[PDB]
Every structure is written in C-alpha cells, then in structure tokens.
There are 2 protein chains.
Amino acid sequence: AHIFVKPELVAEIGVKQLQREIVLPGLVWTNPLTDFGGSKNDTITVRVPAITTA
Amino acid sequence: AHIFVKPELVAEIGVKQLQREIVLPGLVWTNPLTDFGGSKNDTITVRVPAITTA
C-alpha cells in the first residue's frame, strides 16, 4: 500500500469559546469626569445647578 | 441666603521650606586620589616622605 507523510494542519476559522455579549458599557454614562488626579481623596465633586421659582 | 458649590483651589506662590546654603563642598580638598578601583580593598596608600636627623 502507498504510504504518505503529511502535516497535521491547524486552522482558525472563527469558532470561539462561547462568552456573553458586552452591552452594558455602551449603555451607561461613561467617563464624564476625567481629572481624578489632582483631586482630594480621588473624589471629584459634581455640582448640580440651582433651581429658582417665579 | 444663596449657597454655591466651589472648588478648593491649590496655588503655588513661592513659599518654600527654608533650607540652608551649601558652602562646605567647595572648601574641602576633593579627589586628589581617584583610582580607588584598581587598588586592593578600595584603598590607595599615600606616601609621606622620610625625614632625617643629624
């Protein structure tokens, strides 16, 4: 019988271990505050503007 | 009365911790001997010449 020496080939075709989709980071108000250095206790105060009545 | 939300502002004005002036290094015999590497025990011997009596 004919006998041949062949390379066991390996391919990546797009089969990935199943892990959940990432949605929440895009849906949440992300990084409106950045200058967290140069702020006491890593805390940035957020000011909520005043409301007046007529 | 009215109340406002303001930041604490940290400023540099030129107030410094007072330190003395360095004067001693320029007044002391510095480096008449240099090749401490290349001598046993990091030591260079200095030879003081002989004095004779009559």
# chains A, B, ... in the order shown; residues from 1 in each chain; ligands from 1

call {"tool": "calpha_fit_rmsd", "arguments": {"fixed": "chain B", "moving": "chain A"}}
result
3.5 Å

call {"tool": "residues_around", "arguments": {"residues": "segment 41-45 of chain A", "least_positions_apart": "6", "cutoff": "12 Å", "atoms": "only C-alpha atoms", "output": "MDAnalysis selection string"}}
result
(chainID A and resid 32:35) or (chainID B and resid 5:8)

call {"tool": "interface_residues", "arguments": {"of": "chain A", "to": "chain B", "cutoff": "9 Å", "atoms": "only C-alpha atoms", "output": "MDAnalysis selection string"}}
result
chainID A and resid 45:50

call {"tool": "atom_distance", "arguments": {"atom1": "atom CA of residue 36 of chain B", "atom2": "atom CA of residue 23 of chain B"}}
result
26.0 Å

call {"tool": "select_by_dssp", "arguments": {"residues": "chain A", "states": "helix (DSSP H, G or I)", "output": "PyMOL selection string"}}
result
chain A and resi 24-27+40-42

call {"tool": "write_last_selection", "arguments": {"atoms": "C-alpha atoms", "output": "PDB file, in the first residue's frame"}}
result
ATOM      1  CA  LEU A  24     -23.753  47.379  29.459  1.00  0.00           C
ATOM      2  CA  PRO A  25     -20.606  49.544  28.975  1.00  0.00           C
ATOM      3  CA  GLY A  26     -22.122  51.266  25.950  1.00  0.00           C
ATOM      4  CA  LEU A  27     -25.443  51.819  27.727  1.00  0.00           C
ATOM      5  CA  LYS A  40      -8.521  65.165  47.154  1.00  0.00           C
ATOM      6  CA  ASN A  41      -9.228  61.516  48.001  1.00  0.00           C
ATOM      7  CA  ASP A  42      -9.636  60.745  44.273  1.00  0.00           C
TER       8      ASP A  42
END

call {"tool": "atom_distance", "arguments": {"atom1": "atom CA of residue 39 of chain A", "atom2": "atom CA of residue 9 of chain B"}}
result
10.1 Å

call {"tool": "atom_distance", "arguments": {"atom1": "atom CA of residue 29 of chain A", "atom2": "atom CA of residue 53 of chain A"}}
result
29.7 Å

call {"tool": "decode", "arguments": {"residues": "segment 1-49 of chain A", "atoms": "C-alpha atoms", "output": "PDB file, in the first residue's frame"}}
result
ATOM      1  CA  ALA A   1       0.000   0.000   0.000  1.00  0.00           C
ATOM      2  CA  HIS A   2       1.092   3.557  -0.698  1.00  0.00           C
ATOM      3  CA  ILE A   3       2.142   5.434   2.441  1.00  0.00           C
ATOM      4  CA  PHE A   4       2.500   9.210   2.619  1.00  0.00           C
ATOM      5  CA  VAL A   5       3.916  11.571   5.242  1.00  0.00           C
ATOM      6  CA  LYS A   6       1.632  14.555   5.749  1.00  0.00           C
ATOM      7  CA  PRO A   7       1.470  17.577   8.058  1.00  0.00           C
ATOM      8  CA  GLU A   8      -1.367  17.588  10.564  1.00  0.00           C
ATOM      9  CA  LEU A   9      -2.735  21.023   9.678  1.00  0.00           C
ATOM     10  CA  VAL A  10      -4.263  23.539  12.082  1.00  0.00           C
ATOM     11  CA  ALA A  11      -6.697  26.304  11.135  1.00  0.00           C
ATOM     12  CA  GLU A  12      -8.549  29.124  12.846  1.00  0.00           C
ATOM     13  CA  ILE A  13     -11.860  29.536  11.053  1.00  0.00           C
ATOM     14  CA  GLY A  14     -13.780  31.640  13.549  1.00  0.00           C
ATOM     15  CA  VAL A  15     -15.038  29.188  16.165  1.00  0.00           C
ATOM     16  CA  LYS A  16     -14.646  30.956  19.504  1.00  0.00           C
ATOM     17  CA  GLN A  17     -15.338  29.791  23.039  1.00  0.00           C
ATOM     18  CA  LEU A  18     -18.842  30.939  23.879  1.00  0.00           C
ATOM     19  CA  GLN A  19     -18.855  34.003  26.120  1.00  0.00           C
ATOM     20  CA  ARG A  20     -21.628  36.512  26.685  1.00  0.00           C
ATOM     21  CA  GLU A  21     -22.064  39.677  24.652  1.00  0.00           C
ATOM     22  CA  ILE A  22     -20.964  43.022  26.080  1.00  0.00           C
ATOM     23  CA  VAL A  23     -23.781  45.587  26.095  1.00  0.00           C
ATOM     24  CA  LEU A  24     -23.753  47.379  29.459  1.00  0.00           C
ATOM     25  CA  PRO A  25     -20.606  49.544  28.975  1.00  0.00           C
ATOM     26  CA  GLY A  26     -22.122  51.266  25.950  1.00  0.00           C
ATOM     27  CA  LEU A  27     -25.443  51.819  27.727  1.00  0.00           C
ATOM     28  CA  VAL A  28     -24.032  53.575  30.804  1.00  0.00           C
ATOM     29  CA  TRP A  29     -22.856  57.172  31.202  1.00  0.00           C
ATOM     30  CA  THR A  30     -19.131  56.590  30.836  1.00  0.00           C
ATOM     31  CA  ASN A  31     -16.203  58.824  31.818  1.00  0.00           C
ATOM     32  CA  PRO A  32     -17.752  62.310  32.028  1.00  0.00           C
ATOM     33  CA  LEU A  33     -15.192  63.016  34.769  1.00  0.00           C
ATOM     34  CA  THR A  34     -11.500  62.575  33.986  1.00  0.00           C
ATOM     35  CA  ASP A  35      -9.258  64.805  36.146  1.00  0.00           C
ATOM     36  CA  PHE A  36      -9.243  62.398  39.079  1.00  0.00           C
ATOM     37  CA  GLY A  37      -5.639  63.157  39.783  1.00  0.00           C
ATOM     38  CA  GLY A  38      -5.187  66.472  41.490  1.00  0.00           C
ATOM     39  CA  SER A  39      -8.388  65.932  43.443  1.00  0.00           C
ATOM     40  CA  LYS A  40      -8.521  65.165  47.154  1.00  0.00           C
ATOM     41  CA  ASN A  41      -9.228  61.516  48.001  1.00  0.00           C
ATOM     42  CA  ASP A  42      -9.636  60.745  44.273  1.00  0.00           C
ATOM     43  CA  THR A  43     -13.044  62.412  44.659  1.00  0.00           C
ATOM     44  CA  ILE A  44     -14.335  64.900  42.109  1.00  0.00           C
ATOM     45  CA  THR A  45     -17.312  66.926  43.267  1.00  0.00           C
ATOM     46  CA  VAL A  46     -20.179  67.239  40.797  1.00  0.00           C
ATOM     47  CA  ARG A  47     -22.200  70.436  41.005  1.00  0.00           C
ATOM     48  CA  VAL A  48     -25.956  70.265  40.421  1.00  0.00           C
ATOM     49  CA  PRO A  49     -27.176  73.707  39.274  1.00  0.00           C
TER      50      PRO A  49
END
